[PDB]
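For reference, structure.txt (compact mmCIF, N, CA, C and O atoms):
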```txt
# COMPACT_ATOMS: atom_id res chain seq x y z
N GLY P 1 46.76 26.72 -17.18
CA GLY P 1 46.19 25.46 -16.75
C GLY P 1 44.74 25.24 -17.15
O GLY P 1 44.37 24.14 -17.55
N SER P 2 43.92 26.28 -17.05
CA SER P 2 42.51 26.17 -17.34
C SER P 2 42.28 26.34 -18.84
O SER P 2 43.21 26.35 -19.64
N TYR P 3 41.01 26.49 -19.24
CA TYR P 3 40.65 26.69 -20.64
C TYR P 3 39.49 27.67 -20.71
O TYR P 3 38.60 27.64 -19.87
N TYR P 4 39.52 28.55 -21.71
CA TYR P 4 38.52 29.61 -21.81
C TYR P 4 38.25 29.93 -23.27
O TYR P 4 39.17 29.94 -24.09
N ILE P 5 36.98 30.22 -23.59
CA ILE P 5 36.65 30.74 -24.90
C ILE P 5 36.72 32.25 -24.83
O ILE P 5 36.73 32.84 -23.75
N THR P 6 36.81 32.90 -25.99
CA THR P 6 36.87 34.35 -26.02
C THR P 6 36.33 34.83 -27.35
O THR P 6 36.24 34.07 -28.32
N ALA P 7 35.96 36.10 -27.39
CA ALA P 7 35.48 36.69 -28.62
C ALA P 7 36.65 37.04 -29.52
O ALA P 7 37.81 37.07 -29.10
N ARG P 8 36.34 37.33 -30.78
CA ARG P 8 37.38 37.57 -31.77
C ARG P 8 37.89 39.00 -31.75
O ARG P 8 38.80 39.32 -32.53
N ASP P 9 37.36 39.87 -30.90
CA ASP P 9 37.77 41.27 -30.90
C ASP P 9 38.13 41.80 -29.52
O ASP P 9 39.03 42.63 -29.39
N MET P 10 37.46 41.33 -28.47
CA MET P 10 37.72 41.81 -27.12
C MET P 10 38.32 40.67 -26.30
O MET P 10 37.75 39.58 -26.23
N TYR P 11 39.47 40.93 -25.67
CA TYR P 11 40.06 39.93 -24.78
C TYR P 11 39.23 39.83 -23.52
O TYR P 11 39.39 40.63 -22.59
N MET P 12 38.35 38.84 -23.47
CA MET P 12 37.39 38.70 -22.37
C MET P 12 37.29 37.21 -22.05
O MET P 12 36.49 36.49 -22.65
N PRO P 13 38.11 36.73 -21.12
CA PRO P 13 38.08 35.30 -20.80
C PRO P 13 36.83 34.93 -20.03
O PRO P 13 36.31 35.71 -19.23
N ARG P 14 36.37 33.72 -20.27
CA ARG P 14 35.10 33.24 -19.76
C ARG P 14 35.07 31.72 -19.86
O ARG P 14 35.68 31.15 -20.77
N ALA P 15 34.38 31.09 -18.92
CA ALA P 15 34.34 29.64 -18.89
C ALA P 15 33.46 29.11 -20.02
O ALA P 15 32.46 29.71 -20.39
N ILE P 16 33.87 27.98 -20.57
CA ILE P 16 33.17 27.39 -21.69
C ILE P 16 31.87 26.75 -21.20
O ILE P 16 31.84 26.08 -20.16
N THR P 17 30.79 27.02 -21.92
CA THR P 17 29.47 26.53 -21.55
C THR P 17 29.05 25.42 -22.51
O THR P 17 29.77 25.05 -23.44
N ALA P 18 27.85 24.89 -22.29
CA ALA P 18 27.39 23.73 -23.04
C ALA P 18 26.86 24.09 -24.42
O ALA P 18 26.70 23.20 -25.26
N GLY P 19 26.57 25.37 -24.68
CA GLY P 19 25.95 25.74 -25.93
C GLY P 19 26.90 26.32 -26.95
O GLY P 19 26.47 26.95 -27.92
N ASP P 20 28.20 26.11 -26.75
CA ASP P 20 29.21 26.64 -27.65
C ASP P 20 30.11 25.52 -28.15
O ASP P 20 31.31 25.70 -28.37
N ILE P 21 29.54 24.33 -28.35
CA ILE P 21 30.30 23.15 -28.71
C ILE P 21 29.75 22.55 -29.99
O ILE P 21 28.61 22.81 -30.40
N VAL P 22 30.59 21.74 -30.64
CA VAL P 22 30.24 20.98 -31.83
C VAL P 22 30.77 19.57 -31.64
O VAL P 22 31.98 19.37 -31.53
N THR P 23 29.87 18.59 -31.59
CA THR P 23 30.30 17.22 -31.35
C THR P 23 30.55 16.52 -32.67
O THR P 23 29.67 16.45 -33.53
N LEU P 24 31.77 16.00 -32.84
CA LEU P 24 32.17 15.32 -34.07
C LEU P 24 32.89 14.02 -33.72
O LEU P 24 33.64 13.96 -32.74
N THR P 25 32.65 12.99 -34.52
CA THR P 25 33.23 11.67 -34.27
C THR P 25 34.53 11.48 -35.04
O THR P 25 34.71 10.53 -35.80
N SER P 26 35.46 12.42 -34.82
CA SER P 26 36.76 12.42 -35.47
C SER P 26 37.69 13.36 -34.72
O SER P 26 37.29 14.46 -34.35
N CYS P 27 38.93 12.92 -34.51
CA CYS P 27 40.00 13.85 -34.19
C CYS P 27 41.31 13.29 -34.73
O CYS P 27 41.54 12.08 -34.68
N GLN P 28 42.15 14.18 -35.26
CA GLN P 28 43.29 13.81 -36.10
C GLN P 28 44.57 14.46 -35.60
O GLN P 28 45.33 15.06 -36.37
N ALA P 29 44.80 14.37 -34.29
CA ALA P 29 46.06 14.72 -33.61
C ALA P 29 46.46 16.18 -33.78
O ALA P 29 47.63 16.53 -33.63
N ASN P 30 45.50 17.05 -34.09
CA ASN P 30 45.68 18.49 -34.13
C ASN P 30 44.86 19.13 -33.03
O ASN P 30 44.15 20.12 -33.20
N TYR P 31 44.91 18.51 -31.86
CA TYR P 31 43.99 18.81 -30.78
C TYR P 31 44.79 18.82 -29.49
O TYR P 31 46.03 18.91 -29.51
N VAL P 32 44.11 18.75 -28.35
CA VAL P 32 44.75 18.69 -27.04
C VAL P 32 44.51 17.35 -26.37
O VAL P 32 45.43 16.76 -25.79
N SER P 33 43.28 16.83 -26.47
CA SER P 33 42.84 15.52 -25.96
C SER P 33 43.04 15.40 -24.45
O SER P 33 43.85 14.62 -23.95
N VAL P 34 42.28 16.23 -23.73
CA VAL P 34 42.20 16.12 -22.28
C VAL P 34 41.44 14.84 -21.92
O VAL P 34 40.42 14.52 -22.54
N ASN P 35 41.94 14.10 -20.94
CA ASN P 35 41.29 12.87 -20.52
C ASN P 35 39.97 13.10 -19.78
O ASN P 35 39.14 12.18 -19.73
N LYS P 36 39.76 14.28 -19.21
CA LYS P 36 38.54 14.60 -18.48
C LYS P 36 37.70 15.58 -19.28
O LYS P 36 38.18 16.27 -20.18
N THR P 37 36.41 15.64 -18.94
CA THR P 37 35.47 16.47 -19.66
C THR P 37 35.67 17.94 -19.31
O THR P 37 35.93 18.29 -18.16
N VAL P 38 35.55 18.80 -20.32
CA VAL P 38 35.75 20.24 -20.16
C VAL P 38 34.51 21.00 -20.59
O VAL P 38 34.60 22.12 -21.10
N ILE P 39 33.34 20.40 -20.38
CA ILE P 39 32.11 21.08 -20.76
C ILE P 39 31.71 22.11 -19.71
O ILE P 39 31.26 23.21 -20.05
N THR P 40 31.95 21.80 -18.43
CA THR P 40 31.57 22.59 -17.25
C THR P 40 30.06 22.88 -17.25
O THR P 40 29.60 24.02 -17.38
N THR P 41 29.30 21.79 -17.12
CA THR P 41 27.86 21.88 -16.95
C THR P 41 27.53 22.13 -15.48
O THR P 41 28.41 22.39 -14.66
N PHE P 42 26.25 22.06 -15.14
CA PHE P 42 25.79 22.50 -13.83
C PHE P 42 24.99 21.39 -13.16
O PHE P 42 24.57 20.43 -13.80
N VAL P 43 24.80 21.54 -11.86
CA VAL P 43 24.10 20.54 -11.06
C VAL P 43 22.59 20.77 -11.11
O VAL P 43 22.08 21.40 -12.03
N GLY Y 1 17.64 5.37 -36.28
CA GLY Y 1 17.37 5.21 -34.87
C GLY Y 1 17.72 6.40 -34.00
O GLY Y 1 16.96 6.76 -33.10
N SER Y 2 18.85 7.03 -34.27
CA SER Y 2 19.32 8.15 -33.47
C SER Y 2 18.68 9.45 -33.97
O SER Y 2 17.75 9.43 -34.78
N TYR Y 3 19.16 10.58 -33.48
CA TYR Y 3 18.66 11.89 -33.88
C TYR Y 3 19.83 12.86 -33.97
O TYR Y 3 20.75 12.80 -33.15
N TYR Y 4 19.81 13.73 -34.98
CA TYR Y 4 20.93 14.63 -35.22
C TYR Y 4 20.42 15.95 -35.79
O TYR Y 4 19.49 15.96 -36.60
N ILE Y 5 21.05 17.05 -35.38
CA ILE Y 5 20.79 18.34 -36.01
C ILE Y 5 21.77 18.49 -37.16
O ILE Y 5 22.77 17.78 -37.25
N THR Y 6 21.46 19.40 -38.08
CA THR Y 6 22.35 19.64 -39.21
C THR Y 6 22.15 21.06 -39.70
O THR Y 6 21.15 21.71 -39.40
N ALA Y 7 23.13 21.54 -40.44
CA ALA Y 7 23.03 22.87 -41.01
C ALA Y 7 22.15 22.84 -42.25
O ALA Y 7 21.83 21.78 -42.80
N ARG Y 8 21.76 24.03 -42.70
CA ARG Y 8 20.83 24.13 -43.81
C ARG Y 8 21.50 24.02 -45.17
O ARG Y 8 20.79 24.07 -46.18
N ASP Y 9 22.82 23.88 -45.23
CA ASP Y 9 23.52 23.86 -46.51
C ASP Y 9 24.47 22.68 -46.65
O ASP Y 9 24.63 22.15 -47.76
N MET Y 10 25.12 22.26 -45.58
CA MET Y 10 26.07 21.17 -45.63
C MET Y 10 25.53 19.98 -44.86
O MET Y 10 25.15 20.11 -43.69
N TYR Y 11 25.49 18.81 -45.50
CA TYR Y 11 25.06 17.60 -44.81
C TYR Y 11 26.14 17.17 -43.83
O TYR Y 11 27.12 16.52 -44.22
N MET Y 12 25.98 17.54 -42.57
CA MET Y 12 27.00 17.32 -41.55
C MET Y 12 26.29 16.90 -40.27
O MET Y 12 25.87 17.74 -39.47
N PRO Y 13 26.11 15.60 -40.08
CA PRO Y 13 25.39 15.13 -38.89
C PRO Y 13 26.22 15.30 -37.64
O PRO Y 13 27.45 15.19 -37.65
N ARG Y 14 25.53 15.58 -36.54
CA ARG Y 14 26.16 15.94 -35.28
C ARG Y 14 25.14 15.78 -34.17
O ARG Y 14 23.94 15.96 -34.39
N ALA Y 15 25.62 15.42 -32.99
CA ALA Y 15 24.73 15.18 -31.87
C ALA Y 15 24.17 16.49 -31.34
O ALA Y 15 24.84 17.52 -31.34
N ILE Y 16 22.92 16.44 -30.92
CA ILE Y 16 22.23 17.63 -30.44
C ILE Y 16 22.76 18.00 -29.05
O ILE Y 16 22.95 17.13 -28.19
N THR Y 17 23.05 19.27 -28.87
CA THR Y 17 23.61 19.77 -27.62
C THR Y 17 22.56 20.57 -26.87
O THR Y 17 21.42 20.73 -27.32
N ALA Y 18 22.94 21.09 -25.70
CA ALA Y 18 21.99 21.75 -24.83
C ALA Y 18 21.69 23.18 -25.24
O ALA Y 18 20.70 23.76 -24.76
N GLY Y 19 22.50 23.77 -26.11
CA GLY Y 19 22.32 25.17 -26.45
C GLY Y 19 21.62 25.41 -27.77
O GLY Y 19 21.68 26.52 -28.31
N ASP Y 20 20.95 24.39 -28.29
CA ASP Y 20 20.27 24.49 -29.57
C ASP Y 20 18.81 24.09 -29.42
O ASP Y 20 18.20 23.51 -30.32
N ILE Y 21 18.22 24.41 -28.26
CA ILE Y 21 16.87 23.98 -27.94
C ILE Y 21 16.01 25.19 -27.60
O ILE Y 21 16.51 26.27 -27.27
N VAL Y 22 14.70 24.99 -27.69
CA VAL Y 22 13.69 25.98 -27.32
C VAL Y 22 12.63 25.25 -26.51
O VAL Y 22 11.96 24.35 -27.02
N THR Y 23 12.48 25.62 -25.24
CA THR Y 23 11.53 24.94 -24.38
C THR Y 23 10.17 25.64 -24.44
O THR Y 23 10.08 26.84 -24.17
N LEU Y 24 9.14 24.89 -24.81
CA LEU Y 24 7.79 25.43 -24.95
C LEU Y 24 6.80 24.49 -24.27
O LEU Y 24 6.95 23.26 -24.34
N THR Y 25 5.78 25.06 -23.63
CA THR Y 25 4.79 24.28 -22.89
C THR Y 25 3.58 23.97 -23.76
O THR Y 25 2.43 24.26 -23.40
N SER Y 26 3.85 23.37 -24.92
CA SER Y 26 2.82 23.01 -25.89
C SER Y 26 3.39 22.01 -26.88
O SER Y 26 4.52 22.18 -27.34
N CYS Y 27 2.61 20.98 -27.19
CA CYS Y 27 2.86 20.21 -28.40
C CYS Y 27 1.54 19.67 -28.92
O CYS Y 27 0.67 19.28 -28.13
N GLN Y 28 1.38 19.67 -30.24
CA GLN Y 28 0.09 19.49 -30.90
C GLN Y 28 0.15 18.40 -31.96
O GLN Y 28 -0.29 18.59 -33.09
N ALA Y 29 0.74 17.26 -31.59
CA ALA Y 29 0.73 16.00 -32.35
C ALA Y 29 1.38 16.12 -33.73
O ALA Y 29 1.11 15.31 -34.62
N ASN Y 30 2.24 17.11 -33.92
CA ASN Y 30 3.04 17.28 -35.13
C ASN Y 30 4.51 17.09 -34.76
O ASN Y 30 5.39 17.85 -35.15
N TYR Y 31 4.76 16.08 -33.94
CA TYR Y 31 6.04 15.93 -33.28
C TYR Y 31 6.40 14.45 -33.32
O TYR Y 31 5.83 13.69 -34.11
N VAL Y 32 7.35 14.04 -32.49
CA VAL Y 32 7.76 12.65 -32.39
C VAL Y 32 7.41 12.07 -31.02
O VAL Y 32 6.90 10.94 -30.92
N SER Y 33 7.63 12.85 -29.96
CA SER Y 33 7.30 12.54 -28.56
C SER Y 33 8.00 11.26 -28.09
O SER Y 33 7.39 10.23 -27.80
N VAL Y 34 9.33 11.36 -28.03
CA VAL Y 34 10.14 10.32 -27.42
C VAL Y 34 9.91 10.32 -25.91
O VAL Y 34 9.86 11.39 -25.28
N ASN Y 35 9.75 9.14 -25.32
CA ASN Y 35 9.54 9.04 -23.88
C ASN Y 35 10.77 9.38 -23.05
O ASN Y 35 10.62 9.72 -21.88
N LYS Y 36 11.97 9.30 -23.63
CA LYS Y 36 13.20 9.59 -22.92
C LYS Y 36 13.79 10.90 -23.43
O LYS Y 36 13.47 11.38 -24.52
N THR Y 37 14.67 11.49 -22.62
CA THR Y 37 15.26 12.78 -22.94
C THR Y 37 16.30 12.64 -24.04
O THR Y 37 17.07 11.67 -24.07
N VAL Y 38 16.32 13.61 -24.94
CA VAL Y 38 17.24 13.60 -26.08
C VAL Y 38 18.10 14.86 -26.07
O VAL Y 38 18.48 15.37 -27.13
N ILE Y 39 18.43 15.36 -24.88
CA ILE Y 39 19.26 16.55 -24.81
C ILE Y 39 20.73 16.20 -25.00
O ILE Y 39 21.46 16.94 -25.68
N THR Y 40 21.15 15.04 -24.48
CA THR Y 40 22.54 14.55 -24.46
C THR Y 40 23.47 15.57 -23.81
O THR Y 40 24.36 16.16 -24.44
N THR Y 41 23.23 15.78 -22.52
CA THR Y 41 24.10 16.61 -21.69
C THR Y 41 25.28 15.77 -21.21
O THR Y 41 25.49 14.63 -21.63
N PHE Y 42 26.08 16.33 -20.30
CA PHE Y 42 27.34 15.73 -19.93
C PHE Y 42 27.42 15.56 -18.42
O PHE Y 42 26.64 16.15 -17.67
N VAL Y 43 28.37 14.74 -17.99
CA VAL Y 43 28.54 14.43 -16.58
C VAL Y 43 29.42 15.48 -15.90
O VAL Y 43 29.54 16.61 -16.38
```
What's the structure tokens form of this structure?
Amino acid sequence: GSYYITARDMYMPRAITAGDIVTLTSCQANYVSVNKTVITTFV
Amino acid sequence: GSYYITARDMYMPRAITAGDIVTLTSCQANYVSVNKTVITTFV
């Protein structure tokens, strides 16, 4: 149900942060397209 | 009008995120000094 980034060698699940993203003005149906934001920023 | 970071080899414009910044308590008039924040964080 949730979403997590991980390293390429160690299985270490962790919540996605704001500094591991790339914003692009294109998506071509090879994605997931969640209706809500999945950045998980802070208050 | 807008502002974008880019890589040093490929012309690929993209919005500036929160994890590509360095906060320093100094600026010496070799800057732009926008009155509004240009971090573009998320809700």
Quiz item: Hey, what's within 5 Å of segment 30-42 of chain Y if we count only N, CA, C and O atoms and toss same-chain stuff fewer than 3 positions away? As a list in words, please?
Solution: residues 16, 17 and 18 of chain Y
Practice problem: Counting all atoms listed in the file, collect the residues of chain Y whose closest atom lies at most 4.5 Å from chain P, and write them out as a ChimeraX atom specification. | Solution: /Y:14-15,18-19
Fitted chain Y, least squares over ordered Cα pairs with chain P, as a short mmCIF file (atom, residue, chain, number, x, y, z; two decimals) with N, CA, C and O atoms, in the coordinates of the input:
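New file superposed_26.cif:
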```cif
data_model
loop_
_atom_site.label_atom_id
_atom_site.label_comp_id
_atom_site.auth_asym_id
_atom_site.auth_seq_id
_atom_site.Cartn_x
_atom_site.Cartn_y
_atom_site.Cartn_z
N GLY Y 1 46.76 26.72 -17.18
CA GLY Y 1 46.19 25.46 -16.75
C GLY Y 1 44.74 25.24 -17.14
O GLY Y 1 44.37 24.14 -17.56
N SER Y 2 43.93 26.27 -17.05
CA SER Y 2 42.51 26.17 -17.34
C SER Y 2 42.27 26.35 -18.84
O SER Y 2 43.22 26.35 -19.64
N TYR Y 3 41.02 26.49 -19.24
CA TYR Y 3 40.65 26.68 -20.64
C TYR Y 3 39.49 27.67 -20.71
O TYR Y 3 38.60 27.64 -19.86
N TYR Y 4 39.52 28.56 -21.70
CA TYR Y 4 38.52 29.61 -21.80
C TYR Y 4 38.25 29.93 -23.27
O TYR Y 4 39.17 29.94 -24.08
N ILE Y 5 36.99 30.22 -23.58
CA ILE Y 5 36.64 30.74 -24.90
C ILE Y 5 36.72 32.25 -24.83
O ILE Y 5 36.73 32.84 -23.75
N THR Y 6 36.82 32.90 -25.99
CA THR Y 6 36.87 34.35 -26.02
C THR Y 6 36.33 34.83 -27.36
O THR Y 6 36.24 34.08 -28.32
N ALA Y 7 35.96 36.10 -27.39
CA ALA Y 7 35.48 36.68 -28.62
C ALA Y 7 36.65 37.04 -29.52
O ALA Y 7 37.81 37.06 -29.10
N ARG Y 8 36.34 37.33 -30.78
CA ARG Y 8 37.38 37.58 -31.77
C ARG Y 8 37.90 39.00 -31.75
O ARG Y 8 38.80 39.31 -32.53
N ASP Y 9 37.36 39.87 -30.89
CA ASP Y 9 37.76 41.28 -30.90
C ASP Y 9 38.13 41.79 -29.51
O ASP Y 9 39.04 42.63 -29.39
N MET Y 10 37.46 41.34 -28.47
CA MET Y 10 37.72 41.80 -27.12
C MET Y 10 38.32 40.68 -26.30
O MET Y 10 37.75 39.58 -26.23
N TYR Y 11 39.46 40.93 -25.66
CA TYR Y 11 40.06 39.93 -24.78
C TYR Y 11 39.24 39.82 -23.51
O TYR Y 11 39.39 40.63 -22.59
N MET Y 12 38.35 38.84 -23.46
CA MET Y 12 37.40 38.70 -22.37
C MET Y 12 37.29 37.21 -22.05
O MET Y 12 36.49 36.49 -22.65
N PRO Y 13 38.11 36.73 -21.12
CA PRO Y 13 38.08 35.30 -20.80
C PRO Y 13 36.84 34.93 -20.03
O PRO Y 13 36.30 35.71 -19.23
N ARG Y 14 36.37 33.71 -20.27
CA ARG Y 14 35.09 33.24 -19.76
C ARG Y 14 35.07 31.73 -19.86
O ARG Y 14 35.68 31.15 -20.77
N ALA Y 15 34.38 31.09 -18.93
CA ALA Y 15 34.33 29.64 -18.89
C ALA Y 15 33.46 29.11 -20.02
O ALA Y 15 32.46 29.71 -20.39
N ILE Y 16 33.88 27.98 -20.57
CA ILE Y 16 33.17 27.38 -21.70
C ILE Y 16 31.87 26.75 -21.20
O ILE Y 16 31.84 26.08 -20.16
N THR Y 17 30.80 27.02 -21.92
CA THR Y 17 29.47 26.53 -21.55
C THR Y 17 29.05 25.43 -22.51
O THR Y 17 29.77 25.06 -23.44
N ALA Y 18 27.85 24.89 -22.29
CA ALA Y 18 27.39 23.74 -23.04
C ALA Y 18 26.86 24.09 -24.41
O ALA Y 18 26.70 23.20 -25.26
N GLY Y 19 26.57 25.36 -24.67
CA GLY Y 19 25.95 25.74 -25.93
C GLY Y 19 26.91 26.32 -26.95
O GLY Y 19 26.47 26.95 -27.92
N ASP Y 20 28.20 26.10 -26.75
CA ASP Y 20 29.21 26.64 -27.65
C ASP Y 20 30.11 25.52 -28.15
O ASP Y 20 31.31 25.70 -28.37
N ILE Y 21 29.53 24.33 -28.35
CA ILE Y 21 30.30 23.15 -28.70
C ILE Y 21 29.75 22.55 -29.99
O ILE Y 21 28.61 22.81 -30.39
N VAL Y 22 30.59 21.74 -30.63
CA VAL Y 22 30.24 20.98 -31.83
C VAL Y 22 30.77 19.57 -31.64
O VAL Y 22 31.98 19.37 -31.53
N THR Y 23 29.88 18.59 -31.58
CA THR Y 23 30.29 17.22 -31.34
C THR Y 23 30.56 16.51 -32.67
O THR Y 23 29.67 16.45 -33.53
N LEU Y 24 31.77 16.00 -32.84
CA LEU Y 24 32.17 15.33 -34.07
C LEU Y 24 32.88 14.02 -33.72
O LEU Y 24 33.64 13.96 -32.74
N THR Y 25 32.66 12.98 -34.52
CA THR Y 25 33.23 11.66 -34.27
C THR Y 25 34.53 11.48 -35.04
O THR Y 25 34.71 10.52 -35.80
N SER Y 26 35.46 12.42 -34.82
CA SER Y 26 36.76 12.42 -35.47
C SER Y 26 37.69 13.36 -34.72
O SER Y 26 37.29 14.46 -34.34
N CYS Y 27 38.93 12.91 -34.51
CA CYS Y 27 40.00 13.85 -34.19
C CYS Y 27 41.31 13.30 -34.73
O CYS Y 27 41.54 12.08 -34.69
N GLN Y 28 42.15 14.18 -35.26
CA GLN Y 28 43.29 13.81 -36.10
C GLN Y 28 44.58 14.46 -35.60
O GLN Y 28 45.32 15.05 -36.37
N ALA Y 29 44.81 14.37 -34.29
CA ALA Y 29 46.06 14.72 -33.61
C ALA Y 29 46.46 16.18 -33.78
O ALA Y 29 47.63 16.54 -33.63
N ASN Y 30 45.50 17.05 -34.08
CA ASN Y 30 45.69 18.49 -34.14
C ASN Y 30 44.86 19.13 -33.02
O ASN Y 30 44.15 20.12 -33.20
N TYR Y 31 44.92 18.51 -31.85
CA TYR Y 31 43.99 18.81 -30.78
C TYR Y 31 44.79 18.82 -29.48
O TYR Y 31 46.03 18.92 -29.51
N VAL Y 32 44.11 18.74 -28.35
CA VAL Y 32 44.74 18.70 -27.05
C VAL Y 32 44.50 17.35 -26.36
O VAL Y 32 45.43 16.75 -25.79
N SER Y 33 43.28 16.83 -26.47
CA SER Y 33 42.84 15.52 -25.96
C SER Y 33 43.04 15.40 -24.45
O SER Y 33 43.85 14.62 -23.94
N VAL Y 34 42.28 16.23 -23.73
CA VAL Y 34 42.20 16.12 -22.29
C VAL Y 34 41.44 14.84 -21.92
O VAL Y 34 40.41 14.52 -22.54
N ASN Y 35 41.94 14.10 -20.94
CA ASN Y 35 41.28 12.87 -20.51
C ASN Y 35 39.97 13.10 -19.77
O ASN Y 35 39.15 12.18 -19.73
N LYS Y 36 39.76 14.29 -19.21
CA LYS Y 36 38.55 14.60 -18.48
C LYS Y 36 37.70 15.58 -19.28
O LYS Y 36 38.18 16.27 -20.18
N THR Y 37 36.41 15.64 -18.93
CA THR Y 37 35.47 16.48 -19.66
C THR Y 37 35.67 17.94 -19.31
O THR Y 37 35.93 18.30 -18.15
N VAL Y 38 35.55 18.79 -20.32
CA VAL Y 38 35.76 20.24 -20.16
C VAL Y 38 34.51 20.99 -20.59
O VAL Y 38 34.60 22.12 -21.10
N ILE Y 39 33.33 20.40 -20.38
CA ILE Y 39 32.11 21.09 -20.75
C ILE Y 39 31.71 22.11 -19.70
O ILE Y 39 31.26 23.22 -20.05
N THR Y 40 31.95 21.80 -18.42
CA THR Y 40 31.56 22.59 -17.25
C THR Y 40 30.06 22.88 -17.25
O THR Y 40 29.60 24.02 -17.38
N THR Y 41 29.31 21.80 -17.12
CA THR Y 41 27.86 21.88 -16.95
C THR Y 41 27.53 22.13 -15.49
O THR Y 41 28.41 22.39 -14.65
N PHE Y 42 26.25 22.06 -15.14
CA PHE Y 42 25.79 22.49 -13.84
C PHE Y 42 24.99 21.39 -13.16
O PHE Y 42 24.57 20.43 -13.81
N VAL Y 43 24.80 21.54 -11.86
CA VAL Y 43 24.10 20.54 -11.06
C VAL Y 43 22.59 20.78 -11.11
O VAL Y 43 22.08 21.41 -12.04
#
```
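The gap separating atom CA of residue 5 of chain Y from atom CA of residue 26 of chain P is 17.0 Å, in Å to one decimal.
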Quiz item: What gap, in Å, lies between atom N of residue 2 of chain Y and atom N of residue 27 of chain P?
Solution: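 Atom-to-atom, atom N of residue 2 of chain Y and atom N of residue 27 of chain P are spaced 20.9 Å apart.
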Self-check item: Between atom N of residue 1 of chain P and atom O of residue 13 of chain P, distance in Å (one decimal)
Solution: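 We find that atom N of residue 1 of chain P and atom O of residue 13 of chain P lie 13.9 Å from each other.
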